[PDB]
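In what follows, a single structure is set out as C-alpha cells and then discussed.
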Amino acid sequence: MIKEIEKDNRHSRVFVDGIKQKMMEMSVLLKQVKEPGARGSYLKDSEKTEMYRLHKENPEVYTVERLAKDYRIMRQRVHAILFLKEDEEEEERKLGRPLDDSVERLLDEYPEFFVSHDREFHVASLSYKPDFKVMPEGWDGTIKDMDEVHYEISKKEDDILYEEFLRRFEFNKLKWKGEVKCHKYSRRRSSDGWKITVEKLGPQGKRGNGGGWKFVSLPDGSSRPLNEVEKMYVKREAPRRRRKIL
Amino acid sequence: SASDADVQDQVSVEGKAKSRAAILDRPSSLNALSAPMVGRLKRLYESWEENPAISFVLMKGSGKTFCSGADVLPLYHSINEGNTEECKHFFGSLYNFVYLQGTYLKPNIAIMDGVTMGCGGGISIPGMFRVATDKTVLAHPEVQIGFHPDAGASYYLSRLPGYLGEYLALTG
Amino acid sequence: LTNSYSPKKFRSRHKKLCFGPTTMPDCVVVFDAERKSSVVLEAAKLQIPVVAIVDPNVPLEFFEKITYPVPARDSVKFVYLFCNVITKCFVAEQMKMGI
Amino acid sequence: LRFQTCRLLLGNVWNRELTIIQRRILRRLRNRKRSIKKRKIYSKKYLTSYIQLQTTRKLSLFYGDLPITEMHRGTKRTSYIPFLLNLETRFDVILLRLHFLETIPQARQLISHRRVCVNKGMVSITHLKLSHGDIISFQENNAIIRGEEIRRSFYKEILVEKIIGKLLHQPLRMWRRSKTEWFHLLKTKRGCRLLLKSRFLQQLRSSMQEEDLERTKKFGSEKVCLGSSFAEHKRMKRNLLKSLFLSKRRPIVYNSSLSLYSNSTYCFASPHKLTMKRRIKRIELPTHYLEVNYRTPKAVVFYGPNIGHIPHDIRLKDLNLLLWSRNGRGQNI
Amino acid sequence: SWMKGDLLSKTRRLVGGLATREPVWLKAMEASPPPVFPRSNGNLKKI
Amino acid sequence: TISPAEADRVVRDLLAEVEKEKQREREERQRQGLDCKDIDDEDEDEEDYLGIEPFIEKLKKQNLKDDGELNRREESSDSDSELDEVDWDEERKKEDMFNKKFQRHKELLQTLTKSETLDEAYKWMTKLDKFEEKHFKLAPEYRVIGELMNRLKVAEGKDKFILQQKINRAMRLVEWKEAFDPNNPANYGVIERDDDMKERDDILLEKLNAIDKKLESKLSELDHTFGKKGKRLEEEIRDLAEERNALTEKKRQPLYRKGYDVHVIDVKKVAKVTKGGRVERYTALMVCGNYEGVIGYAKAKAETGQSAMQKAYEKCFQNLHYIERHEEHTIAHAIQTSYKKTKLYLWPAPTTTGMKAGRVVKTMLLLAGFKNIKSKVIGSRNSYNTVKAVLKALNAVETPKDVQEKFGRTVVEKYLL
Ligand SMILES: [Mg+2]
C-alpha cells in the first residue's frame, strides 16, 4: 500500500521541483499572448548561420517557407537573413579571414541584457468601426468568430505584404549587383540610339487590369517582347487596388 | 431561396430579451409535423443552444391545437410509390429532434394549449418545463392507426406510476 | 436614512430620543398610505428596495420608486394577511439554516 | 543649450555625462516633479495644456529637435499614430534604431556629408523614407571606423549600463575610479572574449533572469501557472488527505507531503514583490522590422515599425493624450 | 444618477462594470424578480 | 548584493586571466617553433580594439583633480523610473498580510496532522477548506486562461492565432477585474486622514449596539423615575448620547478608489450680499474616472477654493456611472442630446482618429476610457451643464446588446457578416 504513497510523493516532487521551469515557459507564452505573434524568444546569429547552411546545402528542401516555419519568423526576414549571410561570406572571401563578430556573440550569449521584438506572424490592425446589422427574427444561422475573420484578414495582408516585399527586394538586389542605372550620368546612348518601351493604351491595348501591353522596339528597326528585367519594371509600376499597408 | 417561405411561416420565431419561442402554425393539418418543419425546428434549436445570448427557449402552438402528431399522409403516399427512403429520413429527423429535446443544455418550456397527440408529446415532454392548460388534451391513439407510440413515448409512459403507461398506450 | 450618522441630543422626556440604524437596511417595508414620512424618497435616494402596498391614488413620483408594489386597499385584514405571510416565509426560511 | 532642458522638463532628458553640480540640480528638479504629480488633483490646466506641452517637448527632443507640432499640424489628423509611424521609417531615425550611430545629429551629419548608402547608391536625404526591401550600408573606406565605433558603443554600453547599476551600485567617485580598470580590460579582443566568458556576467545574467521572472507576477503570471496545473495541484491535496486518513485511522510521509504542499501553495499564492531597487533600462533591438549584420555593418528593412515599440522614455498615460491608442492588442491602433 | 432602467438592471450594470460593490439584496431580487403585467391600454370597464 | 572589493577582485582576476592566457598561448606557440610577432606588439601596444585609449586618458585626468567624500552617494544619471512612485506602506502591509495568512495555513495543516479522531480530522479538514476558499482561492477566470494556455502550447497555424487572440482578451479582463474590484479592500484609500477596516468597523458596530441597549434601558428606568434621581439619570443619558455621537462620527471616513484620476473642471468665486458687505465663497466642480468605463462627478462649496476642491474630491466617488464602450475605444453610434441650452453632438470614429473635443468633453471622455470620438458643443458652454449633457448623452447610447435584448433578434457586426 505504502508504495502507492511513495509513487504519489514522487509524482509530487517531480512537479514541485519543476515549478520554476513552468513559470519560464509561461513567461515566454505570456510574451506571445500580450503581443500576438511576437515569437517571444529572440533569434540568435548562430541560428541564422545554420539557416544559411541548410539553404546552401539543400535549397530544394530547405526553402524560404520551410525555414520560416522552422525558425518561426516571417518569410521576409528569411530572405533578408539569407542575403546578409551571402554578403558576409563574400566579404570574408575578399578579406581572407573571418570577420569580427564580438557584438553578435554578446547579443547571442546575453539576450537578457537587451529587449528584442522579433515577430513570428503578421496580425492585421483593424479599424474597429461600429457598423451593425439586425438579423431577421426567424434567422437560423451562425455568426462568424471574430478571431476567424481577423485570421483571414491577417493572412490576406500577409500574402500582399510578402509579394510586395519580394518585388521591391529583387529589384534592390539586382540594383545591388549593378543591372539598374539609377545615376543620370550612367544612362548613355547606345551606338544605334535609345531603345524605347512602347505601351498600348486604350481599352483595346490592355494586358489586363494594370495597364496596357508593352513591347520594346530596338533602335535598329526591330521590336521584341519584354525581358525579365523589363517584366519587373512593368510589374512594379502598376497601380495597386488597396490602401497602403504598413 | 424563396420556396422555403412556407416553412418559415409553418415554424415561426418570436424573440424576447433573452429567449426564443418556436411556434407551430400549420392550421390545415392541426399543426402536424412534416419533414421540413422538423428540419427547421432542429436548425433553430441547435443555433439557439449554441448562442450564449439566449437564456432559455420555448415551444408554442397557434390555434386550438398544440400538435396533432406527425403528418403521416405524405409518408403513406411515399410508401405507396415504392421507395421507403422519405419515411426513413422523416423518422431519424424526428427522433433526432426528440433526443435534442431530452438532452438540451438550456431550459426549455413547452406551452401545451390544446390537443396533443403522438409525437407532439414527444417533442415537449422530454423538456425541462411543461405548462398545461384547461384546453390541454393528451392522447396516444397509435395502436388504433396501426403504429406504435414512438418518439420517446415509450420512455415517459413507461416511467409513470403503476402500469398506467400500458393503459394509456393500449387504450389511447 | 440619508443622514443617519448625524448627531442627536437628549432634551427632555420630549417625543423620546431615538438614533438611526447602525447598519443601513437592505429592504424597507412601508405602510404609509397618507405619506406622512419621507421613507420612499430616501430609500430611492440610497438605492434600497421598497415593498409597499399601493392604493389606486398613488402619485407617479411615489409609484416609480416602489420596487415591490402590492395593489390593494390596506384594510386591517389584508395588512394582517400580508404580515402573516411575510412572517411565516421569513421564519420558514430562517429555520432552514438552523436559526 | 541642452542640459537646461532638464530644468524645463523636470527630468534627465539630456544624455551626456552629468557633473556633481548637475546631479545636485537634478535632485531638486525631481523633487519638483514629485510635488507637481501630487498637485494634479487641484490643477485645471493639467491635461489640456501642461502634460500635452511636456509630451510634445519630449517628442521633439527624442527625434532630434524637430518641429513636431508644426509637422503634425501639416497633416490634418488628430492622433499622432500615423505621423509617428511615418517618422520611424526615416533614414536618420532608422540609423539611430540600428545602433549604427549614437544620436540623431550624428546620423544627420553622416547622411548630409554623403557617407551612407541605400541599395549601394549614396543617398544624402536625411528625411528619406525607407520601405521594406531597402538595403543600408556604409562606404568602403568609412565602414572600418563604423565597425570600431559600433563595437565601442556596445562594449562601453554593457560596461556603462549593465555593469554599473546591476549589482554594482557603487558611489559615483569610486565607480569613476573603478572604470579605468574596467576600460583596460576592453583594450584587447582577448579581454572582451574573457569578459563574455566569465562567471561574473553569468551571475549577472542569472539574477536578471530571476528579476525578469518576478516582474511577470504583476500580470498574475503565477495564477495562470496555477490555472494550467489545477488538477495535479488538487491531486496533491487528495493524496495528502488520503494518506492522513488511511495511515492515521489505525511520520516522514506526513512531513514530506506537508512540505511539498506548503512549497506549492507558497509558490502559487505569493503576491508580486516590487522591490526598492530601480529597474535597469535596457537597449532595444529593432528586430520586428530591421535585420542587421553587425560585421560589416549592413541592414535590410523587411517590415513596418510598431507604435508600441518606439523606445521613448515617455509614460503611456501621458503619451495617450497624443496617440489615443487602444493599447493591449499588439496592433498599430 | 443619469443611468436608465429600474433598480435591478441599473444595479446589475453598475456591479458588472465594477462601479459599485454588490449589495446584499441584489441576489434576493434576482431570485424573485418584481412582478410584470401586460400593457392594458388604460380603458377601465364599468362592471 | 556584491561588495565593491569583490568587484575589484574580479576585474583584477580578469586582467590576470588575460595575462595568463597570453603567456600560455605564447608558451604553446614558442615551444613549437612559431615566432611570436602576433603576441608581442599585437596584444600590448598596437591592439587598439575599441579606440578606448583616449577615453582612458581623459578619465585618468578627471580622477586626480577634486576632493569630496569618496563613498558619497549622488543622484543617479539613468534614473527617472517614474512608475516607482507607489506608497510603500501598503506594499509592505501586503507582505505580512500574506505572511499571516500563510502562517495560519501552515498551522491548520500542522493541526490536521496532530489529530487522533477522524471526526476531529474531518472538522479540521472543513476548517482548512473554509480557510482556503476565503483566503487562497483562485478565481475561475484563471482556470479558463490556464486551460486555454494548455491548448496553446501545442497549437499551430489558425488555431494558434485564434487562441492567442482569445487569451489576449481574457488577460485584459482579468487584469481589469483584479485592479478595480470594489470588494477588495486593497482597492481603497483614506484621503489625508480627512481585513483591518473590517474588524475596526465591527468593533465600532458592537460598541454602538451596546450603547443603544444601555440607552434603551436607561430611558426605560427614566420613565418611572421622578425627582433628583430623574436629573441624575438625565445627565447619565446625556453622557451616553455624547459617547454614541462621538462613536458615530468615528465611522465616517471618506475613501478614495485607487486607479482613479480626479480632475478639476471648474473653480468659481460666487458671492452673497449682506448689510456688512459681500460674502464670497468658492464652488468646485470635479470629475473622476478609472479609464475603464466608470465616470463620476461632484460639486462642492466651501470658504476657500482648496477646501471646495477637497470636499468635491471626497464626494466624487459617491455618484459613479458605468458607460458602455464599443471595443474599448469609441461609442456605438452617433448621439445628440441637450441639457438645458447646451446641445452636445458625439460621433464615433475609426481606431486611428483621436479625440476631437473641447476641454470639458475631452476630460470626461478621456476619464471614461474612450479614444476615438469627435464631438461638438452647440449653444451654451456652461461647464456644469456641459458635464450633465455629457453624462446624459453617454447614458442614451443603445449598444448592440441593448438592441438585441430590445428587439429579440441577433445583432451582428457587418464585417463579421
Ligand atoms: Mg452665444
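Chains as they are written, first to last, in my numbering: chain A, 361 to 606; chain B, 643 to 814; chain C, 12 to 110; chain D, 48 to 380; chain E, 11 to 57; chain F, 38 to 454.
Beta carbons are placed, not taken as given, at the ideal position from N, Cα and C, and that holds for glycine.
If we ignore side chains and look at the alpha-carbon of each, how far apart do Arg23/E and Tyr359/F end up? 7 angstroms
Tell me which residues share the same chain as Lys264/D and place their Cβ nearer than 6 angstroms to its Cβ, disregarding the 5 neighbours each side in the sequence. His319
Within 8 angstroms (strictly less), CB to CB, does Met13/E reach chain C? no
C-beta neighbour in chain A for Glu692/B, strict 8 angstroms: yes
Interface residues of chain A around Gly657/B at Cβ under 7 angstroms? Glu497
Sheet register partners of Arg137/D (DSSP bridge): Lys176/D
Expressed to the nearest angstrom, what Euclidean distance is found between the alpha-carbon atoms of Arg600/A and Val594/A? 13 angstroms
Chain F contact for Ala695/B (CB, 8 angstroms cutoff): yes
Measure from the C-beta of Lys324/D to each C-beta in chain A and report whether the shortest distance is under 8 angstroms. no
Coil, strand or helix - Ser257/F by DSSP: helix
Just the Cα atoms here: how many angstroms apart are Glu81/F and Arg63/D? 31 angstroms
At the level of alpha carbons, what is the spacing between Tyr421/F and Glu144/F? 57 angstroms
Residues of chain B with a CB under 7 angstroms from the CB of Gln441/F: which are they? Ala695
Integer Cβ distance of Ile357/D from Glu135/D, believed to fall under 8 angstroms: 6 angstroms
List the DSSP bridge partners of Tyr79/C. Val62/C
Taking one C-beta from the region 747-754 of chain B and one from the region 766-783 of chain B each time, how about it: are there three or more such pairs within less than 8 angstroms? yes
If you measure between the beta carbons of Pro387/F and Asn409/F, is that distance less than 8 angstroms? yes
Residue(s) in a DSSP beta bridge with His363/F: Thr367/F
Could you have a look at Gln290/F and say whether DSSP puts it in helix, strand or coil? coil
What do you get for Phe407/F, buried or exposed, if any count of 16 or more other CB atoms within 10 angstroms of its CB means buried? buried
Who are the Cβ neighbours of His335/D in its own chain at under 7 angstroms, not counting the five residues just before and after it? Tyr350, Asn353, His356
Selected residue, minimal CA-CA separation from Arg49/F, among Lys226/D, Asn340/D, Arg297/D: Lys226/D
Leaving out five residues before and five after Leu370/D in sequence, what residues of the same chain have Cβ atoms less than 8 angstroms from its Cβ? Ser126, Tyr127, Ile128, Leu131, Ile354
Per DSSP, the bridge partner or partners of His300/F: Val324/F
Residue nearest to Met392/F in terms of C-alpha spacing, selected from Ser372/D, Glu195/D, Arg376/D, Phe147/D: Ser372/D
Are the CB atoms of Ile503/A and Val440/F within a distance shorter than 8 angstroms? no
When the cut-off is 8 angstroms and only beta carbons count, does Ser670/B lie next to chain A? no
Determine the direct distance from the alpha carbon of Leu606/A to that of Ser387/A, and round the result to whole angstroms. 29 angstroms
Would DSSP call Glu117/D helix, strand or coil? helix
Does the beta carbon of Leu28/C sit closer than 8 angstroms to a beta carbon anywhere in chain F? yes
On a CA-only basis, which of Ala316/D, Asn367/D, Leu293/D is nearest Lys174/F? Give me that one, please. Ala316/D
Chain E beta carbons: is any one of them nearer than 8 angstroms to that of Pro60/C? yes
Would you say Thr502/A reaches chain B, if we count a Cβ-Cβ gap shorter than 8 angstroms as a contact? yes
Distance check for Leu149/F and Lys160/F, CA to CA, integer angstroms please. 9 angstroms
Does any residue of chain A have a CB that is nearer than 8 angstroms to the CB of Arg237/F? no
Three-state secondary structure assigned by DSSP to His216/D: coil
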